[PDB]
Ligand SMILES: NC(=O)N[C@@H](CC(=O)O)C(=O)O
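A single chain comes next, written as structure tokens; it is the form solved without this ligand.
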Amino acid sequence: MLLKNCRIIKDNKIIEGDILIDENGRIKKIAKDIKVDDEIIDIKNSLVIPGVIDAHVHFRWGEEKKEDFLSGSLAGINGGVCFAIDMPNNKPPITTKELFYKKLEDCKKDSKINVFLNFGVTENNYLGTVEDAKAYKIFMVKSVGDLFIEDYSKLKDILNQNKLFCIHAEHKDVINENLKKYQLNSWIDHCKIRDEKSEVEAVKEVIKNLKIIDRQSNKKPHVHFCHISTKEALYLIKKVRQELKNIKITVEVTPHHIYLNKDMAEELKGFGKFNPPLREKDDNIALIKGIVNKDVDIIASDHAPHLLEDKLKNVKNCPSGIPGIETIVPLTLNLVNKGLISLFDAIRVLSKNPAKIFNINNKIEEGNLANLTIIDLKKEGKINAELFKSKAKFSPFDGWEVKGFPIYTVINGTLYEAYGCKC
């Protein structure tokens, strides 16, 4: 198959050319005006970027009414996402090697995009190695089962390893304190119970332990902070990066923590309830500036589908989490069109930095498997949750008019239509 009239992001620049994909799905040739006897698809000078990686999804293994590998990967295709990294807080949680490989087999059977699995860290399993895991996920607060580090004094031992750790950083003790101070009456109370200090104190807890390791140890962990949402945590991470010599720290943010704030809590209801919760407009701004200043490394969705039925309950009964794999690319491109980040910033946080951090080769280079996101940068259109392929057909962004959509998703050489090629 020949994709003609592409504008390709290769290295630091936009080149015009055609992309020839052989029938093994590998890029065979990149050159202007290629002339071959093959199937030809005219890209009409749309932008071709290395396939987008969503480094933070929950595809709900064990809870397949919420989402499964098929609906999740169809959602990914629809969102222009070529690679997704799925978290281990399943029913049961992925805390043993056998559970990991039993989930990996189900994943291989029906996933239509490139899905990788993270391993769940407990106080009991933390020295184990799982060769096919992309990263080791630490929850500092209750998720499911024993997937929860309840004793923070063990964090130094857990982190003192040559491993890639992802961390959900909210402080259990701050949240417990706040639960004695506030009642969950309305949606804003969720934001007061899991307040900004609960995130900042969890980040401080981790950093304190990394400083010890950096000087007293030969181990070189890479620590990736999931969904950072506060200006103070970003500041602390910026500071400590200047002090650490052996330990790399990366930062991810979500679209909802960039766009939404707690003044919207009562209007968003269940669709605004997620962990960490809605913050202040000043935090939105800090995260956007953090992308421009390269303090924020990646954007990931924290795609967390639940049943619509449960998301319509009151604040006490409503589960935390929203779907987001189908809105992450348009919401990020929308920032480009509003002049808040540059096009190359968008590429860096959706495609290039996730590929470096998690060791995923999505490069548009001859000989590589073709994993491409093809976008129409200027297409204006409404987000319409009825057009989602996820089982979770709802969103706080439903009805938003944004500019910039994926139109095609290429998965290992196979061309699919994305959300924008029906918009």
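Just count from 1 along the sequence shown to find any residue number.
Just so it is clear, the following notes concern the form solved in complex with this ligand, a form of the same protein that is not shown.
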**Item:** Close approach of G290 to this ligand in the bound PDB entry, 4.5 Å, heavy atom
**Value:** no
**Prompt:** Taking 4.5 angstroms as the cut-off for heavy atoms, does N118 touch this ligand in the bound PDB entry?
**Reply:** no
**Message:** Can you tell me whether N275 touches this ligand? I mean in the bound PDB entry, with a 4.5 angstroms heavy atom cut-off.
**Reply:** yes
**Asked** With a 4.5 Å heavy atom cut-off, would you call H224 a contact of this ligand in the bound PDB entry?
**Response** no
**Prompt:** Hey, of 316 to 324, 109 to 117, 291 to 299, 154 to 162, which bit sits against this ligand in the bound PDB entry at 4.5 Å between non-hydrogen atoms?
**Reply:** 316 to 324
**Prompt:** Ok, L335, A135, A304, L234: which has a heavy atom sitting within 4.5 Å of this ligand in the bound PDB entry?
**Reply:** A304
**Item:** Residues of stretch 65 to 95 in contact with this ligand in the bound PDB entry (4.5 Å, non-hydrogen atom)
**Value:** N89
